[PDB]
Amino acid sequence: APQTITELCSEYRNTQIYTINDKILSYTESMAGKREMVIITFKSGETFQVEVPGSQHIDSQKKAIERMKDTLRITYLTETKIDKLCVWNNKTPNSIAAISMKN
């Protein structure tokens, strides 16, 4: 299986590793209709979302969508440094595919 976020991110069409190395600057959460989503921002200016569930998501990916929001919320309240993100660079804001944190 992948050993790293870069290695994992090598396998998808339309992905890009981003090196953030920073704690979250903003956290937005919306339960508004069809915008059931989380948007986070870094100081660098980069905005990233965790995309809305839809029928294009295989049931297992639904479970993981809920875990990524939980991880972003608690990363933000603990002010933890996110190291690199793997995002689908073809969506606005870029969609989060994976996330790593170190130390």
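We call the rigid core the largest set of C-alpha positions that still match within 1.5 Å between the two forms. All residue numbers are counted from 1 along the displayed sequence.
Trainee: Fitting on the rigid core only, I'd like to know which of the two stretches, 57-65 or 43-51, ends up farther away in Cα terms in 8 other deposited structures of this protein.
Mentor: Farther on average in 8 other deposited structures of this protein: 57-65.
Trainee: Comparing 14-22 with 76-84, where is the mean C-alpha B-factor higher?
Mentor: Comparing 14-22 with 76-84, the higher average CA B-factor belongs to 14-22.
Trainee: Looking at the entry, does 47-55 or 66-74 show the higher mean C-alpha B-factor?
Mentor: The stretch with the larger mean CA B-factor is 47-55.
Trainee: Taking the chain's C-alpha temperature factors as the reference, tell me which third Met101 falls into: lowest, middle or highest.
Mentor: Answer is lowest: the recorded C-alpha B-factor places it there.
Trainee: If you rank every modelled residue in this chain by C-alpha B factor, which third holds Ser60: lowest, middle or highest?
Mentor: Ranked within chain, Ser60 CA B lands in the highest tercile.
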